[PDB]
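Every chain is named by a letter (A, B, C, D, E, F, G, H and I) in the order it is written, and numbering of its residues begins at 1.
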């Protein structure tokens, strides 16, 4: 995509004791216009991997289709091997880099979260194939607004419980709504644990003080 | 759409009589933000060879994977692991293979030669390389090189005995140069990773730097 | 650069880092970014260093002239109006982003002046490259009518977030507390980061350098 | 940015959002975009914050001196004319769209629009800003002649709420102000006070 | 860059009651060397020196205009200027041309005329003062100079050790710069003597 | 491009310059003079953009002669060189810059011979020898190889010849003739042109 | 960079500096700018370090293949044409390379200059690089076909030294090669600092 | 351009204006922007005339062949998918915003939006085109769940009438189509039949 | 720019060319040969972008020689000129055009002497005399003034010297020596270089 058309805003992610949490607002902006306000920007890749994406939504849907089909193909064999979150992270890095080399990039910034073999995974992939794994991630304006809060807490306390991570994510999403001009009140929270992947319905940051 | 982005990073290699040292900072950045603080830039290739890559992380990941694949291909077809000199020659061809879309990567190889003595090879983004005794590359190369030449090369110093460089002295030099670089270069900091190559094996050490 | 300000219960608390960068290399490790405007008004500066210094110095001199003529303490509104009218006249070519705060007869006031000559009067503001990092802390923890100690801790944390998450900010944290009956200018309020201890010795022994010509010119 | 002004028998109602942005960053989320030029005369500002503030300050200075000299309250038309004169002359340098609304004894409640370029026109109701494009149909469909002050306040609140919902450069809280002979009554709608329209879910 | 047209490098350092200011000698147009004796450190007093780097024409213009103002100031006030006031005069002079600036980055080194307290500073091309207690650098090889100074400088250095440190920092820094070098001139300013030395440097 | 060269000896200054005035691949003049007589002991060699060279050099010449007529003594070579730099630098940022490269040669009774180098940016340097134009690239190394501080004027002319022969053998432009002049305590002496 | 070579009675002399710069930063001062194609043939480098190194190595590969196939060593003229044809395919694509092919074929000493711009000319004396103009002046004024071996060495060293003195992007050490009827020899490698003391 | 589609229990309602422009000139003032992809599937075309016609013909050929192979009526989702695949693959070359609405036995009346770039999403109601920006507030305010076919027709006519009034690239006549299990009922509103909203009087 | 010239007489063709190979500002070669021997009675003179001249000239030379080896007789000058024009025109619109200006001189047993002019656009023309390069602007008028169809080869060399002398006097580039050749019924004869 030379020029993105409908895009999603920041996507957050923080790993806790026995899982990972990812959040993303349900809003596709057509360049400073809240056009589509009820679109999910989080995907359940498989039983132990989820994915949230910023940037062009059309490119995200294409990756959703390609990644979904590949997971189906692997499950058909029934050989007892499943793509780990790290493997999906590796594949996405190669896919994004290959498109960049061809000068036809996939205008997306993806956050991968998973839990396999008793170990949380949280990965980052950019439009140009830049990839790394960190305890917390935030794309778009979240790298400026939300990332400072997550890093500050994690440095003080490396290990978080699920409740602490959920509260931290909620606070960060509130900050993004206050300051980011391409954000929306409604958002989703996806959690991956030993019991699989769960996506919470459309939440809200109604706890928004407006003391002017 | 620009297919390149500078992610920072500083690398350093010192060759000794019976050892080789490769060190790098563990910060990854983009623009004015910090992607992560725990991404070492030193990659172990064989039991006696290490490579340090810095620049565009998208190219750094792809190049390291290609080198890892090529090392395995050589071993299969030749029934012997590649030497440091062979790796440097191969990397030069790989880098020049993209002379019209080059890898935005600065590489420095370090390891033992066939005789058991430390060897260091420094590369340009397009392939040109030389067998040096010590080199620095990346964001703070201009800061690191002058002191290494003075202290390791004994340049501009008269009536000074040219005692062989010791492992302990080399380790102290590596720590000092990176500490000074952290105080002045914005792109280098977080932590310092040091890989020591000897006949026994590859040893690793980490020391904290400033967090900006 | 991260400069912040908060209006707490009694007065103003201004914060700032102490880093100045030329290109991508740290030039000054102890730059002072909180500028004296009057005995009761102070201004934090972000942007072009020369512009902020010249602008704050000029306004401070003008206010001192104004204060002498009137015989009364200057008002924050007067400082804000003079700053914006000057910056607007130059159409944003003065790269001066300012956080103006002070206490006067009408009470504490905090402004945020932008290079183009637009101002916002708000309970808390931030500027610089680390502005977003600081504003995250403010949006997360700010409360109206805070105690002086709580306000200082909040501004210190806001500046620290910018310091540790922005490449354009670093070094120490400076604070300036203004109230109706006090002014605490804590220059090195905190020192989060320090240079490591040198492990080796590289002292140059006398005679290590080679000299071509020498000339001694006694004075006095 | 969304600025709206309506005229009713004996006064006018002004409203605006409270968002100021620098790209995609909300520098100020509680900005007050209703600047009192005089008593019973207001202006809603849109466009560049620096230009509108400078222009509003200059007109405030000019109108105040003019009123003192004449020893009579200023006319809303005069205040609009001063805005028109400066906005037209510096049209190449200013990026400012204004709507001037207020009350004067001679003509009662008036609403004038001074868009970018410096033209002036009297309107029964006016809208402006980035977010005004999303409520052109709504105001045209739901506007009526002879609305009361309370109806105008609700009409303005509904229109602004819709624009803030859609436009990305609009948001925060809704600031209203009703101007009549009695005085100026300002209020702020925030949180649940803002009119709400259910989002369709399939 | 315009600042790299003529190259150049100037550094200043602090010791115990002494200051050292050093510069290279090369003067060239782009890649061509013209002379190897160009003056970049100008005396502004008995124990006050200004070192300018950057465009050669601007280096000479600023040094002459600064002297013009300094001579008038001293005659009018009947006193020797203090290092701090010289900085302010230089910063004011540079900022008068904030649009169309002089392409030079001065560094000031000297002792206070009364207390003999060491003082060093540096300015941007539009006059942004910067006082430091360790050292200041300015020129084409600033990155190289920083690396040497940060690792060699120590506090409370005798004049002999101060000279060795600055000379080594300058020599090794310019050795990694193409458009700087061809000799180094070092001034060590003490309370009672000004010793000037020329170092044996590479001429390639 | 034009060519200027200057060699300074113990008690003299030797200067030379080509005598070609070209206009778009045609030699309009074969005996052009690029040396201006500032005074009885100073010479200004000016090359650069058309019009700028003559306008600047003549303007400086008028002032230097005026100084002599007003004060009864001539300007020193150093003062004249610094006066020229001041005027060039002042006009550098104006709306009408002068794009001229200059060599100032002169002899003072007290200071002795002096050769000065100045480019269009108005950077003034004092050198034992200097050269301007593209030919300077080929001849400067020759001067460095063979020049000595105590070079006799006979040897200096020989060294000048070696520089000019190099231009004929290796330079691409046609520069057949060169004006030659020498300044010493007796004033300006015009030597025979070096021709090929 | 500065590289020079000239043919005289007793062979062809080849010399170069050892400096490589990345912009205004001196990346290295020990770069070998003379490539030993074979015991009777060597080539110089000037311009892009990567371009020169890769294409000279490719030429050396081609020359060895030619020797194996034809059971006879390649000629200097053939080697220069081989390189000129190889680089002409990429004309206008940004290659920056200038080289000199020096050797002793069956036709006596040979010296060719090959540029990425497509030039290929034989000659008696050549100089390539940024300091080429400076080296030309000293070489031309001191060159004679009847020079003695020791005199030729000094002329090459002096010409390179003067170029490094005047050219910012040239310096390091002067590597000197002599090509004779029975192959080339490495005669010396003198640092410019040491030379400056001797000449001054 | 202004295209709108609404979904009710039983079917869908489509609407569009009838203006095609080449700058400020109306090349065709009675253009039909509702293209029958199949018996009970329609598409509303916005953007480039050539691109939309070419893509509509291509999908019609693909969907018809697909329906013949599988002896069953096509799915509205399948029609949207084919549009998405074409629009996404050739997003660089195509300038076309499509609304796909229709009825099928499995899912009933459905509306899918395929804007520029190849995105696909199902909506209760969709709008698009140049003039759609002027009625975002109106539709968000007046839309209610569980409307009837008659109410949806009135809703679509009112929305288009407002957009055509305020948009220079929209005008002419309103073309409406209601699709249900029974069939397709096409309608044209022109002249006084178009909804009218009074203008102000200052 | 390189210089080529050709004069056609009743029973001969006289062609001359300069002998300079300049890289940027330094004459790298002073005895360059710009004449290619197509056959025993045809010469091709090529000047233009570096690499293009040699690659195009050598390619045409190989093909003309191949035609001779295949058929047992050499190509006529007219056939060779049109063959060269075809190859240049064909490559003109391709991705690798040749920027070369050519002069083809030859003698035919039946038709006689022939001189052909061809610019880099592959526009062929037959003229009694022609010149290429910037010198053409300066020597062509001389040829027009003094050339007659019945000019003897001795007067042709004198006329050639006139043109070369004009280049020395009025041209800006340094072209010391020239290569001279003559084609007649006996083949190609190498005359003495005209040097200055």
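In this section, contacts are C-beta pairs under 8 Å (C-beta built on N, C-alpha and C of every residue); 3 or more make two chains touch, one makes a residue touch a chain.
The chains in contact with subunit E and with subunit I alike are F, G. Chain-level centrality, scored on Cα centres against the all-protein Cα centre, points to B.
Set against one another, E-F and B-E show the most C-beta pairs in contact at B-E.
With each centre defined as the average position of its C-alpha atoms, the distance from subunit B to subunit F rounds to 53 Å. Taking the mean of the C-alpha atoms as each chain's centre, subunit E and subunit H sit 73 Å apart.
Centre-to-centre, using mean CA coordinates, subunit B is 39 Å away from subunit C.
Contacts with at least two other chains are made by residues 25, 30, 165-166, 199-202 of subunit D. With touch defined as above, residues shared between interfaces to two or more other chains in subunit E number as follows: 32, 143, 146, 151-152, 168, 171, 175-176. The set of subunit B residues that touch two or more partner chains comprises 33, 142, 147, 156-157, 176, 183-184. For subunit F in complex with subunit E, the residues that touch the partner chain are 85, 89, 92-93, 117, 119, 121-127, 130, 136-137, 140. Put simply, subunit B touches subunit G in their complex at residues 92-93, 95-96, 99-100, 122, 124, 126-128, 130, 132, 142. Interface of subunit C with subunit D (complex): residues 84-85, 88, 92, 112, 114, 116-120, 122, 132. In the complex of the two chains, the subunit A residues touching subunit B come out as 2, 93, 97, 100-101, 103, 105, 124, 126, 128-134, 143-144, 147. The part of subunit E that touches subunit G in the complex is made up of residues 4, 7, 28, 30-33, 140, 175-179, 202-204.
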